[PDB]
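Trainee: After the structure tokens below, expect a handful of questions from me.
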Amino acid sequence: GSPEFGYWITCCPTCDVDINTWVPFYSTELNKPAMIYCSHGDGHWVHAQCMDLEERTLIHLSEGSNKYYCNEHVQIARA
Amino acid sequence: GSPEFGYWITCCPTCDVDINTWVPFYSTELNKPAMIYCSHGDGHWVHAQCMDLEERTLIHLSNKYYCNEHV
Amino acid sequence: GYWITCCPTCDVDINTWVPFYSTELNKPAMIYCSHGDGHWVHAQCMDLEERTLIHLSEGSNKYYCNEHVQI
Amino acid sequence: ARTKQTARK
Amino acid sequence: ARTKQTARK
Ligand SMILES: [Zn+2]
Ligand SMILES: [Zn+2]
Ligand SMILES: [Zn+2]
Ligand SMILES: [Zn+2]
Ligand SMILES: [Zn+2]
Ligand SMILES: [Zn+2]
């Protein structure tokens with residue numbers, strides 16, 4: 001694994017991903033879980049599955065140029 | 001302390017901290033603002049300057065604390 | 001903190017500075033080095049090409065100045 | 001939004 | 001990484 005590469009990490013308090021039990025879920029995955037970037041604070045990456053993102057929602061987010069805030073931070077008054 | 005996602009979040013509705021303009025205020029501020037933890041539930045980190053805390057109070061608090069928005 | 005001598009080879013000087021990156025106007029772009037307590041350096045002094053600077057600003061990846069990159 | 005492992009295969 | 005004056009004019 002090695003967390004320094006960013007994939008095999010605990011992305012959030014409810015993070016399920018573990019290289020020992022992970023299996024591909026999205027049609028675009030091979031040996032690594034799809035991840036999306038949250039722009040909260042200094043930023044961080046979270047697994048798409050941990051965010052409960054449906055494939056077309058995930059792919060839709062990646063084709064656009066919008067920022068994304070994870071389920072943990074999206075409701076923090078971001079003024 | 002060390003907040004999980006940095007020192008540059010807008011801690012409150014009044015948050016005055018901008019990374020491009022932030023200058024040392026407390027007799028201790030090097031490259032990041034001083035923060036304290038409000039224990040109201042989830043608990044969030046807030047800037048000491050934004051809570052208009054005077055240094056002696058800041059230093060002193062470092063039981064539990066609650067930001068201006070929660071007391 | 002803008003007009004500091006950020007490293008032994010620092011070329012940013014308040015009596016001679018001019019915009020270099022397309023995002024600069026009256027102030028020099030800076031990036032935060034996460035070494036030890038941390039410290040700020042002028043991006044130009046690190047010889048960072050603009051796109052590298054921008055990518056660093058849009059990500060959560062840590063940065064270490066040319067002096068501290070090695071452990 | 002930036003993403004990883006989301007490219008068409 | 002956190003930066004300064006990297007904002008797009
Ligand atoms: Zn996860
Ligand atoms: Zn987040
Ligand atoms: Zn604040
Ligand atoms: Zn509070
Ligand atoms: Zn310099
Ligand atoms: Zn350094």
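Residue numbering restarts at 1 for every chain of the structure tokens, chains are lettered A, B, ... in their displayed order, and ligands are numbered from 1 as they appear.
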Which residues sit within 9 Å of ligand 2, counting only C-alpha atoms and all ligand atoms, listed as JSON, numbers by chain?
Mentor: {"A": [12, 37, 38, 39, 40, 41, 43, 44, 45, 46, 68, 69, 70, 71, 72, 73, 74], "B": [5]}
Trainee: Using only C-alpha atoms, I'd like a table of the residues in chain E that come within 12 Å of chain A; for each, show the closest atom pair and its distance in Å rounded to one decimal, ordered by chain and ascending number, as CSV.
Mentor:
residue,atom,partner,partner_atom,distance
E:1,CA,A:42,CA,7.0
E:2,CA,A:42,CA,6.7
E:3,CA,A:42,CA,10.1
Trainee: Go ahead and write the residues just picked, N, CA and C atoms, as a short mmCIF file (atom, residue, chain, number, x, y, z; two decimals), in the first residue's frame.
Mentor:
data_model
loop_
_atom_site.label_atom_id
_atom_site.label_comp_id
_atom_site.auth_asym_id
_atom_site.auth_seq_id
_atom_site.Cartn_x
_atom_site.Cartn_y
_atom_site.Cartn_z
N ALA E 1 -0.83 22.65 -1.41
CA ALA E 1 0.02 23.56 -0.59
C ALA E 1 -0.61 24.95 -0.55
N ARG E 2 -0.44 25.66 0.55
CA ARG E 2 -1.01 26.99 0.62
C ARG E 2 -0.06 27.98 -0.02
N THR E 3 -0.64 28.90 -0.78
CA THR E 3 0.13 29.89 -1.51
C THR E 3 -0.43 31.30 -1.34
#
Trainee: Write out, as JSON lines, each residue of chain C that has an atom at most 10 Å from chain B, together with the closest pair of atoms and their distance in Å to one decimal, counting only C-alpha atoms, rows going by chain and rising number.
Mentor:
{"residue": "C:1", "atom": "CA", "partner": "B:23", "partner_atom": "CA", "distance": 7.2}
{"residue": "C:2", "atom": "CA", "partner": "B:20", "partner_atom": "CA", "distance": 9.3}
{"residue": "C:27", "atom": "CA", "partner": "B:20", "partner_atom": "CA", "distance": 9.5}
{"residue": "C:29", "atom": "CA", "partner": "B:20", "partner_atom": "CA", "distance": 9.4}
{"residue": "C:30", "atom": "CA", "partner": "B:20", "partner_atom": "CA", "distance": 9.2}
{"residue": "C:32", "atom": "CA", "partner": "B:31", "partner_atom": "CA", "distance": 8.9}
{"residue": "C:37", "atom": "CA", "partner": "B:31", "partner_atom": "CA", "distance": 8.7}
{"residue": "C:38", "atom": "CA", "partner": "B:31", "partner_atom": "CA", "distance": 7.4}
{"residue": "C:39", "atom": "CA", "partner": "B:31", "partner_atom": "CA", "distance": 6.4}
{"residue": "C:40", "atom": "CA", "partner": "B:31", "partner_atom": "CA", "distance": 7.4}
{"residue": "C:60", "atom": "CA", "partner": "B:5", "partner_atom": "CA", "distance": 9.4}
Trainee: Can you tell me which residues come within 10 Å of ligand 5 when counting only C-alpha atoms and all ligand atoms, ideally as a count of residues only?
Mentor: 22
Trainee: Compute the set of protein, DNA and RNA residues whose minimum atom distance to ligand 4 is at most 10 Å, using only C-alpha atoms and all ligand atoms, and state it as a VMD selection string.
Mentor: chain B and resid 11 to 12 36 to 46 65 to 71
Trainee: Given the selection you just returned, output its residues as a file containing N, CA and C atoms, formatted as a compact mmCIF listing (two decimals), in the first residue's frame.
Mentor:
# COMPACT_ATOMS: atom_id res chain seq x y z
N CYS B 11 -13.21 30.62 9.94
CA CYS B 11 -13.76 30.06 11.17
C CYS B 11 -15.16 30.50 11.61
N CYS B 12 -15.51 31.75 11.34
CA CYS B 12 -16.82 32.27 11.73
C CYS B 12 -17.39 33.22 10.67
N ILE B 36 -7.95 27.95 18.60
CA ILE B 36 -8.42 27.37 19.83
C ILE B 36 -9.59 26.49 19.37
N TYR B 37 -9.96 25.50 20.18
CA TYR B 37 -11.04 24.58 19.81
C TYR B 37 -12.33 24.79 20.59
N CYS B 38 -13.41 25.08 19.88
CA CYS B 38 -14.71 25.24 20.52
C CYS B 38 -15.24 23.81 20.61
N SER B 39 -15.59 23.38 21.82
CA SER B 39 -16.06 22.01 22.02
C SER B 39 -17.55 21.79 21.78
N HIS B 40 -18.23 22.79 21.24
CA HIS B 40 -19.67 22.67 20.97
C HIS B 40 -19.96 21.55 19.96
N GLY B 41 -20.25 20.37 20.50
CA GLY B 41 -20.57 19.20 19.69
C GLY B 41 -19.45 18.60 18.87
N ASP B 42 -19.59 18.74 17.56
CA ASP B 42 -18.60 18.25 16.62
C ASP B 42 -17.33 18.92 17.08
N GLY B 43 -17.45 20.22 17.31
CA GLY B 43 -16.32 21.01 17.75
C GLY B 43 -15.61 21.48 16.51
N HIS B 44 -15.26 22.76 16.49
CA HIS B 44 -14.58 23.34 15.35
C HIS B 44 -13.44 24.22 15.83
N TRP B 45 -12.44 24.41 14.98
CA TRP B 45 -11.34 25.28 15.34
C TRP B 45 -11.71 26.68 14.90
N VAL B 46 -11.33 27.66 15.71
CA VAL B 46 -11.63 29.05 15.38
C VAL B 46 -10.38 29.89 15.64
N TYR B 65 -13.56 25.05 25.99
CA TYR B 65 -13.82 26.37 25.45
C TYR B 65 -15.00 26.34 24.49
N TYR B 66 -15.67 27.49 24.35
CA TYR B 66 -16.81 27.64 23.44
C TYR B 66 -16.73 29.02 22.80
N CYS B 67 -16.65 29.06 21.47
CA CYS B 67 -16.54 30.32 20.73
C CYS B 67 -17.68 31.30 21.02
N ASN B 68 -17.54 32.52 20.51
CA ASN B 68 -18.54 33.57 20.72
C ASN B 68 -19.91 33.18 20.18
N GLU B 69 -19.92 32.35 19.15
CA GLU B 69 -21.16 31.91 18.53
C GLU B 69 -21.89 30.88 19.38
N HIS B 70 -21.20 30.28 20.34
CA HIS B 70 -21.83 29.24 21.14
C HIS B 70 -22.09 29.43 22.64
N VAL B 71 -21.72 30.57 23.21
CA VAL B 71 -22.00 30.82 24.64
C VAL B 71 -23.11 31.85 24.78
Trainee: Produce as a PyMOL selection string the set of residues near ligand 1, where near means within 9 Å with only C-alpha atoms and all ligand atoms considered.
Mentor: chain A and resi 7-18+33+35+45-51
Trainee: Keeping only N, CA and C atoms, take the residues you just selected and write them out as a compact mmCIF listing (two decimals), in the first residue's frame.
Mentor:
# COMPACT_ATOMS: atom_id res chain seq x y z
N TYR A 7 -3.79 6.72 -2.15
CA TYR A 7 -4.97 5.88 -2.32
C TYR A 7 -5.39 5.11 -1.07
N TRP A 8 -4.49 4.25 -0.61
CA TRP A 8 -4.76 3.42 0.55
C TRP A 8 -4.60 4.19 1.85
N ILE A 9 -5.58 5.05 2.10
CA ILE A 9 -5.62 5.90 3.29
C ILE A 9 -7.01 5.80 3.89
N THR A 10 -7.20 6.39 5.07
CA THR A 10 -8.52 6.41 5.69
C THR A 10 -9.01 7.82 5.35
N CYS A 11 -9.83 7.92 4.30
CA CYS A 11 -10.31 9.21 3.82
C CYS A 11 -11.28 9.98 4.70
N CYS A 12 -12.04 9.28 5.53
CA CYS A 12 -12.99 9.94 6.42
C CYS A 12 -13.34 9.00 7.56
N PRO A 13 -13.90 9.55 8.65
CA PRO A 13 -14.28 8.74 9.82
C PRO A 13 -15.05 7.47 9.52
N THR A 14 -15.78 7.45 8.41
CA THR A 14 -16.55 6.26 8.06
C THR A 14 -15.92 5.51 6.90
N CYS A 15 -14.68 5.87 6.57
CA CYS A 15 -13.98 5.24 5.46
C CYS A 15 -13.94 3.72 5.51
N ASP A 16 -14.39 3.12 4.43
CA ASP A 16 -14.45 1.67 4.31
C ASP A 16 -13.24 1.04 3.62
N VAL A 17 -12.66 1.76 2.66
CA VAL A 17 -11.53 1.27 1.87
C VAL A 17 -10.31 0.71 2.59
N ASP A 18 -9.91 -0.49 2.18
CA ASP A 18 -8.75 -1.18 2.71
C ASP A 18 -8.22 -2.08 1.60
N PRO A 33 -8.96 2.65 -6.13
CA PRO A 33 -10.28 3.26 -5.93
C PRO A 33 -10.37 4.69 -6.47
N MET A 35 -11.13 8.49 -6.70
CA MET A 35 -11.15 9.50 -5.65
C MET A 35 -11.47 10.87 -6.24
N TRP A 45 -8.25 14.43 -0.23
CA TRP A 45 -8.90 13.51 -1.14
C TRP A 45 -9.69 12.48 -0.37
N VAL A 46 -10.82 12.07 -0.95
CA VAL A 46 -11.68 11.06 -0.35
C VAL A 46 -12.12 10.09 -1.44
N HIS A 47 -12.33 8.83 -1.07
CA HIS A 47 -12.76 7.83 -2.03
C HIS A 47 -14.19 8.16 -2.45
N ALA A 48 -14.47 8.03 -3.74
CA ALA A 48 -15.80 8.30 -4.24
C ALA A 48 -16.83 7.40 -3.56
N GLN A 49 -16.51 6.12 -3.40
CA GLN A 49 -17.45 5.21 -2.75
C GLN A 49 -17.79 5.64 -1.33
N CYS A 50 -16.80 6.11 -0.59
CA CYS A 50 -17.02 6.56 0.77
C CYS A 50 -17.97 7.74 0.82
N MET A 51 -18.10 8.44 -0.30
CA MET A 51 -18.99 9.58 -0.37
C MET A 51 -20.36 9.17 -0.90
Trainee: List all protein, DNA and RNA residues that have any atom at most 6 Å from ligand 6, counting only C-alpha atoms and all ligand atoms, and write the list as a PyMOL selection string.
Mentor: chain C and resi 33+35+64-65+67-68
Trainee: Could you write those residues out with N, CA, C and O atoms, as a tab-separated table (two decimals), in the first residue's frame?
Mentor:
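Done, and the output landed in part_25.tsv:
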chain	number	residue	atom	x	y	z
C	33	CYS	N	6.46	26.17	2.89
C	33	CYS	CA	7.29	24.98	3.06
C	33	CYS	C	6.86	24.31	4.36
C	33	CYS	O	6.82	24.96	5.41
C	35	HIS	N	8.42	22.09	6.13
C	35	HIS	CA	9.53	21.61	6.95
C	35	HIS	C	9.52	22.14	8.37
C	35	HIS	O	9.34	23.34	8.60
C	64	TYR	N	7.95	21.37	-0.09
C	64	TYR	CA	9.20	21.52	0.64
C	64	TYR	C	10.13	22.30	-0.27
C	64	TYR	O	10.29	21.95	-1.44
C	65	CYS	N	10.71	23.38	0.26
C	65	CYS	CA	11.62	24.22	-0.51
C	65	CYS	C	12.89	23.48	-0.90
C	65	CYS	O	13.24	22.46	-0.30
C	67	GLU	N	15.73	23.81	-0.21
C	67	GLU	CA	16.66	23.59	0.90
C	67	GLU	C	16.26	22.41	1.79
C	67	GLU	O	17.11	21.73	2.34
C	68	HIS	N	14.96	22.17	1.90
C	68	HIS	CA	14.46	21.11	2.77
C	68	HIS	C	13.91	19.85	2.12
C	68	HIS	O	13.57	18.91	2.83
Trainee: Each residue of chain B lying at most 10 Å from ligand 3 should get a row with its shortest atom-to-atom pair and the distance in Å to one decimal, counting only C-alpha atoms and all ligand atoms; could you produce that, ordered by chain and increasing number, as a Markdown table?
Mentor:
| residue | atom | partner | partner_atom_place_in_ligand_line | distance |
| --- | --- | --- | --- | --- |
| B:7 | CA | ligand 3 | 1 (Zn) | 8.8 |
| B:8 | CA | ligand 3 | 1 (Zn) | 8.0 |
| B:9 | CA | ligand 3 | 1 (Zn) | 7.1 |
| B:10 | CA | ligand 3 | 1 (Zn) | 5.2 |
| B:11 | CA | ligand 3 | 1 (Zn) | 4.3 |
| B:12 | CA | ligand 3 | 1 (Zn) | 5.7 |
| B:13 | CA | ligand 3 | 1 (Zn) | 8.3 |
| B:14 | CA | ligand 3 | 1 (Zn) | 7.0 |
| B:15 | CA | ligand 3 | 1 (Zn) | 3.7 |
| B:16 | CA | ligand 3 | 1 (Zn) | 5.4 |
| B:17 | CA | ligand 3 | 1 (Zn) | 5.2 |
| B:18 | CA | ligand 3 | 1 (Zn) | 8.7 |
| B:33 | CA | ligand 3 | 1 (Zn) | 8.7 |
| B:34 | CA | ligand 3 | 1 (Zn) | 9.5 |
| B:35 | CA | ligand 3 | 1 (Zn) | 8.6 |
| B:45 | CA | ligand 3 | 1 (Zn) | 9.0 |
| B:46 | CA | ligand 3 | 1 (Zn) | 5.8 |
| B:47 | CA | ligand 3 | 1 (Zn) | 4.3 |
| B:48 | CA | ligand 3 | 1 (Zn) | 7.3 |
| B:49 | CA | ligand 3 | 1 (Zn) | 6.8 |
| B:50 | CA | ligand 3 | 1 (Zn) | 4.7 |
| B:51 | CA | ligand 3 | 1 (Zn) | 7.7 |
| B:52 | CA | ligand 3 | 1 (Zn) | 9.8 |
Trainee: Can you pull out every residue within 12 Å of residue 8 of chain D, counting only C-alpha atoms, but drop anything in the same chain fewer than 6 positions away, and send it as a ChimeraX atom specification?
Mentor: /A:26-30,55,59,62-63
Trainee: Which chain C residues have any atom within 12 Å of an atom of chain D, and for each, what is the nearest pair of atoms with distance in Å to one decimal, counting only C-alpha atoms, rows sorted by chain and number, as a tab-separated table?
Mentor:
residue	atom	partner	partner_atom	distance
C:55	CA	D:2	CA	11.3
C:58	CA	D:2	CA	9.5
C:59	CA	D:2	CA	9.1
C:60	CA	D:2	CA	11.5
Trainee: For atom CA of residue 21 of chain C and atom CA of residue 56 of chain C, quote the distance in Å rounded to one decimal.
Mentor: 14.1 Å
